[PDB]
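Close look at the chain arrangement
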There are 2 protein chains.
Amino acid sequence: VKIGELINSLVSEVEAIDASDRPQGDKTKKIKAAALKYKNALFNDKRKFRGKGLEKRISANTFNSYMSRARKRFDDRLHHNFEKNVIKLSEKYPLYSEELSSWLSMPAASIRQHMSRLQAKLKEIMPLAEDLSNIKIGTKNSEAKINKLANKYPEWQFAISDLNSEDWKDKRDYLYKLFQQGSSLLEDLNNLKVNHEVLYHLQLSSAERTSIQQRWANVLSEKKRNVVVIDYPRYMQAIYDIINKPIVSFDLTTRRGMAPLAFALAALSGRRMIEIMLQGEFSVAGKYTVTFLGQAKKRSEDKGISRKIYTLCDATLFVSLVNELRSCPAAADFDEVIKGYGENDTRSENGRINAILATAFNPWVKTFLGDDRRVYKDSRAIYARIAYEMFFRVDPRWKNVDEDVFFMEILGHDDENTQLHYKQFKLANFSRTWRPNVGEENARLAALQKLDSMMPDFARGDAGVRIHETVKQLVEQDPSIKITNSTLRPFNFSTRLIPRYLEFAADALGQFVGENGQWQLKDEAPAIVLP
Amino acid sequence: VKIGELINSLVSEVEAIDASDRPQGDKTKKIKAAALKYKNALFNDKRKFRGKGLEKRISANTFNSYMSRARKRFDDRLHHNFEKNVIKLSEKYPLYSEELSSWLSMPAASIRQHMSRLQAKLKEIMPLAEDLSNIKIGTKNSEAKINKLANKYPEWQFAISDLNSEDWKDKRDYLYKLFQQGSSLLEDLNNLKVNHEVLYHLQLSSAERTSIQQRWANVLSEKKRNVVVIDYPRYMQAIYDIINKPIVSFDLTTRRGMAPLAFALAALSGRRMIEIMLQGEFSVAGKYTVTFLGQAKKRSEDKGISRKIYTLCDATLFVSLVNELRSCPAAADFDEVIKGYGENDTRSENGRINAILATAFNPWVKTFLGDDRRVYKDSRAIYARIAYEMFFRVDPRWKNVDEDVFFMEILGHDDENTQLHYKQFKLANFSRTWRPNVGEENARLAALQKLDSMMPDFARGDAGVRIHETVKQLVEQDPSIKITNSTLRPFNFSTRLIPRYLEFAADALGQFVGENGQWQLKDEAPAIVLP
DNA sequence: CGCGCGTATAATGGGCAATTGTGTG
DNA sequence: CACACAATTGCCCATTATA
DNA sequence: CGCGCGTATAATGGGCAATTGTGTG
DNA sequence: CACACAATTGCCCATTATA
């Protein structure tokens, strides 16, 4: 292609197509495996291993991203030696042959889910048995302890609660059979190979993995040692000012047009770009709380669970702006953008979206905030700080839980660990009591001071006031609009006259000429407080 | 032994002794390995695998703790196939034969340190090369970028800064040789087996490991969902009250005696018990800051680094109470306690200490705080909360770093991850302005109200006032002392008279009789605010 | 963002011997 | 005061739980 | 407490075509 | 007003960086 490094797509299929025949072949297992590895080194090298110069090969990041891609291409395919095996275990472990055997003819997509769920259940044997190996099996304290502990270990309540009942001894010895069997099953379920043989060769390499994993580890470390202070009210204000402009007030016929609004909605809820723009689903729950579904990045739990999240302004107004944005022109292509551009588009549907919006949104954001350094996804980091500083010590929801739990749940994380990435911001001038503004107008006022004063004589007759009147009218509308030569020509004023005016109204309009056209001097102190 | 489950010690050596001959033997490698595994299953089973009932075997926790022990018994011993190998790599990679070969005849204890340091250095190639593969090797911007990047990657500055200098091309191509060689070295250094062959069999088992690792994961999770609120001033006070009692004021001829003071010192600095009691080393640095050395639990960096830590009261007074405690009787056995009790004592020197102090301190702590549930090491959790609530937004030390960095550094952790265990407490009524108290005396005052009033006629002559006078004198001393029958007999008062008095002074002394002897009604609201 | 592993300390309870506590002869 | 008997301290270790 | 791994999103820049901007014929 | 030429928008993708 044009400025491409690797013809990726072709490559990726050059193998999914090859390794689909290699397993199709009449030859058998021993050699097939021998040829699969082959295929991979074919894939592997092409991208970053052999016959590659230096400043022309892709990066470790681009390498692992592409690997994920190839690997993912086999998701729906399990190890050749799998089923053969699952059977062997049914035979080997009876009390678990209903579940084990219920797998076989099932999609891989849900075997994996059934196996980890089972592994999870089995992994709880060790502790559960230790708890019992400390409980008087007699009817003295059994009733209590049992119904307390039994109700403490869900998928066992059926065999636990059945200890102190119509039966006793025999139903007990039963468990130990579920134990000694499930305990060694796990030992085998853990060792059991699941995903397709190829995957085991489509891995980076200790060398490559280790050094990436350390690099990343370093990047987020320097990050926690470099906080960026934000001015709460300035920020909050600028956001509220976006939310007000009537939906029509701004252009939405361009991908960039919906940047301000997109970033804002994201800045108020803390949801991820994709979540806002596409698969997120909200419904009001209170003035500042809204229920959410469609958390992204979940390695399929399968479940379409809902989490109650905070909203930094009327949650109703929020759900409507999201329903708005999702409609206006710029956002209608989505049902097609997703479908991709051909058999060589390896991106995900969500990825296809990112291909469009990301470039449209980030640039706006930098201007919006002042400095460049930070991006769109900062709305999360920001939001999470606010939500914290705003509701941790107040909402009786977190009475008995620590801050980490808070960041986790508010973010949708499956462990309090990943929220270590979301703490790069510090708030300067925060008040649980902040409120927006009604308004004033530096702009028109200034242009006014030079109203009639020098407008009848600024030109031959009328002109002087007709331009000024126009410019005023035009500013009163958008107290933040940039008046250029192109802004006034559509109105029909002597071309050699407009610029003559701008050079004049230069200070009242707050514009200066840079190394090109006319611009607007910086307004206030960009939410990002300098060092 | 008496109530022991496994004769551990014997066992552990029954093998270090066996597997020391197994490698001594004239037979060779192939079979030796065959026999080592053998040895292990001998160790392994004896503790938790075969020929073991159920409620009589040890726990997964006791199992992994004991494994650590056995493993650690080989620390100073490397793989048989190691040296053989290190050589092969010197040959294989020249530019790294000085370091690789400098290993060989060296203690294992420092080879391991030399290898991870080298691995670390090599793991930085990937990124460093990518940075360069984006730098104009010409003298246009080289000087700047290079001296910026070169000074950014330490053990490379020698070969990096030497790019834009007396030389150019040849010294560059040099790096790529350090790169292509170090890059594949790592790939091999990572795969290289280091520690003794046995270790690879003295492992738990996916089944066993996975389920422990999940259990633990669960225990700390329920923990972050169960915070314990502490009353800042009550707590702080009770602590300051301990610090004041002149060193002589309390018994230190018993291990328990030094509990109050030990817990207090720990409560003021946030250091670990062992750190306080034995290997910690402090020197004042300011009113509230002190420098510390001897951080425990570090898997030898080798380095005796010092970290500046906070102190919750005069850091000078602090360092003196630590120098005090470390002396008084109860703490002098330490130089011998450490040596152990024989060849069958598998504990660590620090462990040997824990064997003594832990039981002596925890019980005091529970009474001290009110409820039982929590222990000694809570001083850390507490401290870290205070230090946070106390200095995060104030000490200009953390201007550009997030809370996690704070907890980390204040704790001595090697990663902001482990500080997720130290957040179980929440402070109720915290003020950066708290101050102790001068004093009052409910006790004596009350006993006073019943002074002469009814003392001359409380008994036959004198007695009435002589006992009361004594009891008063005795309380004025210790406004918190428990007056029992034994407290007054050494003074020589009619035995059938003391109890007659206590039954009387019962309410002024604030004592009641429980299901045994006389006790003291609870004082205030134990620092642990109820739910 | 979601999934996994071996080590170095602190904490709990048992079985005794010493000391605190009560009556009372 | 001294003696008999009830509890509670205090100890150190082998287990067991946590960072 | 300290040490390790594969995936699902968001962010950056290039090469063009369209539109904003300036002079001015 | 219409035309020539300077910049800046706006786009979507293949890379590359982050959670």
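This text goes with the structure placed above it.
Description of the protein's contact with DNA strand C
Surveying the vicinity of DNA strand C reveals 42 residues, the closest of which are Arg272 of chain A together with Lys297, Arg299, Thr359 and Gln518 of chain B. Taking the atoms of DNA strand C that fall within 4 Å of the protein, sugar and phosphate contribute 58% of them. Within the side chain of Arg272 of chain A, one N or O atom sits 2.4 Å away from a sugar or linking oxygen of DNA strand C. Contact between DNA strand C and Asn362 of chain B: a phosphate oxygen at 3.2 Å from a side-chain N or O atom of the residue. Listing elements by their share of the surface near DNA strand C, those giving two or more residues are helix 3 (60-72), helix 11 (206-224), helix 14 (273-279), helix 17 (349-369) and helix 22 (485-488) of chain B. Looking at which element gives the most residues to the surface near DNA strand C, the answer is helix 17 of chain B, with six residues.

What about the protein's contact with DNA strand E?
Taken together, 42 residues are adjacent to DNA strand E, and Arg299, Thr359, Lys377 and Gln518 of chain A together with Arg272 of chain B come closest. For DNA strand E, the fraction of protein-proximal atoms (within 4 Å) that sit in sugar or phosphate groups is 58%. Take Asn64 of chain A: an N or O atom from its side chain is 3.2 Å from a base oxygen of DNA strand E. Between a phosphate oxygen of DNA strand E and a side-chain N or O atom of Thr484 of chain A, the distance comes to 3.0 Å. Where the surface near DNA strand E is concerned, the elements lending two or more residues are helix 3 (60-72), helix 11 (206-224), helix 14 (273-279), helix 17 (349-369) and helix 22 (485-488) of chain A. In terms of residues, the surface near DNA strand E owes the most to one element, helix 17 of chain A, which gives six residues. Within the surface near DNA strand E, the residues separate by chemical class into eight nonpolar, 17 polar and 17 charged.

A word on the sheet that holds strand 4 (residues 306-310) of chain B
Residues and elements named next belong to chain B. Taken in spatial order, the three strands make up an open sheet running 2-3-4, and their pairing is antiparallel. Only two strands of the sheet have a single partner each, and these edge strands are strand 2 (281-284) and strand 4. Strand after strand, the sheet turns through a mean of 30° between neighbouring axes, direction not considered. Relative to strand 4, strand 3 (residues 289-293) runs antiparallel, the two sharing five bridges. The residue of strand 4 that forms the bridge with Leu293 is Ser306.

Calculation notes
- Residues numbered from 1 in each chain as written, not as in the entry; some residues may be left out.
- Chains lettered and ligands numbered in written order.
- Heavy atoms only, no water.
- Residues with missing side-chain atoms left out of burial classes, pairs and counts.
- Near = heavy atom within 4 Å.
- Polar contact = N/O pair within 3.5 Å; in protein donor to acceptor, adjacent residues only side chain to side chain.
- Helix = DSSP H or I, 4+ residues; strand = E, 2+ residues; numbered from the N terminus.
- Nonpolar A, V, L, I, M, F, W, Y, C, P; charged D, E, K, R; others polar.
- Pairing = 2+ DSSP bridges.
- Axes fitted to C-alpha atoms, helices over the stretch in contact; angles between N-to-C directions.

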